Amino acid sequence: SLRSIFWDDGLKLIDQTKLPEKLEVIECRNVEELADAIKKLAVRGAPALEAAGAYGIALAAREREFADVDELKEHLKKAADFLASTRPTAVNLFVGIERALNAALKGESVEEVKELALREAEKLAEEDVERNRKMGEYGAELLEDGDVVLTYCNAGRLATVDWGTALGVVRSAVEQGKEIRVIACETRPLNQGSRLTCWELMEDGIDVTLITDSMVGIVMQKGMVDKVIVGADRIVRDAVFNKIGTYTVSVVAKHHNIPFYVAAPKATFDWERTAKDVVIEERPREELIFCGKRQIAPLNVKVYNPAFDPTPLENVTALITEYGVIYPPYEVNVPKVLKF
């Protein structure tokens, strides 16, 4: 399969806005194109965005030819500024941008700056893949042959450079020859579960059954789920922030004594904070009013559309990271395992 974003004679990305109907690889030949790809969510997922930020700098340095280095460098600082502005709050996009820029600026000739930019970006993408496979191997130990895994949103290979976090754990277990099947929640209101998760799993030959988010209750009630594995957008000392709905799934799983796992790398932890420090942004109200171009609600209806919810760590059986599986008490084990 393809990595979600990579370099092959230029910046290439899987155009996720085209899924699930068509697999389309697009080419970003300039700063603006990548930026809009980022805006349209053609590229998404923290690692994917980090790699986008880094390849962005390699791209900006190759955009057009340069006779003088200092002019090249000046341009990179501008491009870095422009790309990060696509969303100032994207920590990963910021990390990718600054790491690639920092490295490229270390060059003393036009070629050096060009090669160093690309080399740092390729290294960062490679490290994300390695991190997910390592995390996957650790997580696979929590899966048994015949297990049915319920997941939420899309913490897979489209959201990372490759392999995935939560779905990376499923891929690692399948690789070990364990028969694993997945139940995926459609994940309203943007349907990342039906559009993306079902696509990447079917593409890779992993059994998947699609259900509405609200069906999480009946499937556990019927004993159709052995474990839940979700990803995370941010992990603070008392909670896991992930795509809205995750907390709901955690409540049903807890009541049914179903193991609930969160797969996320060390970089997703923000251990100096607690849930009270986090502000949850509201997403566009139209995501609940129209579906495709079909109006599904009165045009002027009031909408509450939070982007994420906090799942208390009390509802998390274990955290699966590239440093290993972490169990409660998290206050003790998170610092220990992540080597804070």
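Sequential numbering from 1, following the sequence displayed.
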Look over 83 to 91 and 132 to 140 in the entry and identify the one with the greater average Cα temperature factor.
-> 83 to 91
Given the B-factors recorded for C-alpha atoms, which segment has the greater mean, 44 to 52 or 65 to 73?
-> 65 to 73
Between 153, 249, 150, 104, which one tops the list for C-alpha B-factor in the PDB entry?
-> 104
Highest CA temperature factor in the entry: which of 266, 188, 114, 195?
-> 114
For residue 109, return the chain-relative third of its C-alpha B-factor as stated in the PDB record: lowest, middle or highest.
-> highest
Place residue 280 in the lowest, middle or highest third of its chain's C-alpha B-factors, as listed in the PDB entry.
-> middle
Modelled-residue ranking by C-alpha temperature factor, third containing residue 227 | middle
Of the three thirds of Cα B-factor ranks in this chain, residue 98 occupies the highest
Among modelled residues of the same chain, the CA temperature factor third for residue 30 = highest
